[PDB]
């Protein structure tokens, strides 16, 4: 086991620890793409966790900026050396959309002074910023020949997974003084998240919730129709990852839209979906 290997194995460990669904799916890729995904994931994870002062976050961004500007020089990285070595290795072989990392970093900067979204257009803007961008970064890894269409589909997939995420974590997000539903939309459906958190679900909350779920689902289906932008090996894997994540919606409904648990897709269910998909291919 080389050192580079150790860097990637650490990235993997972070991905397994933090996302069971994406780890489950993406570990099925060929070795080289697998590892590229571990590293991009681990970077994005560290950015997302970095605030836990802007101190660390500035260092990550400077690291990323060193790699962009000097891909083949040795850097003394300021943040997480193992993750940054791995990302540099990836960049040496693959076209990385660095500005997409900076979009993500800017978005995380901004959650410091967080204020609720006035309109769905802001919320969807947020979904681009934290997920759409990541879809774009992953594009060269998951497709042979990259076009505006490939980035488009990847970005839409990312944004739809983010919305499914938001839909899982309503209650936990509330505890952490975040609400992601737009004020426009809360007013229209006459929902008050505080009230629902205390008094349990109702038919307003459920309608609002399902408004957003219907959007995520439609975007999901539009991605699937276009799965072919991706390399032949990645298609079944990206369909797995998406399907496993959208299943999260059925889990929320079955738990009656609870705001006091994180629902989950059982591992045995992940494998069921793998079967269904792996058989179509």
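Numbering follows the first chain given and starts at 1.
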Checklist outcome for this item: Of the deposited residues between residue 225 and residue 226, the number without coordinates is none
Checklist outcome for this item: Comparing 228-236 with 38-46, the higher average Cα temperature factor in the PDB entry belongs to 228-236
Checklist entry - Which of the two stretches, 96-104 or 110-118, shows the higher mean Cα temperature factor in the record? => result 110-118
Checklist entry - At the C-alpha atoms, which of 126, 205, 211, 151 reaches the highest B-factor in this entry? => result 205
Checklist entry - By its CA B factor, does residue 187 count among the lowest, middle or highest third of the modelled residues in the chain? => result highest
Item to check | Third of chain Cα B-factors occupied by residue 60 | outcome: lowest
Next on the checklist: Can you tell me whether residue 143 has a C-alpha B-factor in the lowest, middle or highest third compared with the other modelled residues of the same chain?
Outcome noted: highest
Next on the checklist: Quick check on the deposited entry: does the C-alpha B-factor of residue 200 sit in the lowest, middle or highest third of its chain?
Outcome noted: highest
Checklist entry - What third of its chain's C-alpha B-factors does residue 175 belong to: lowest, middle or highest? => result highest
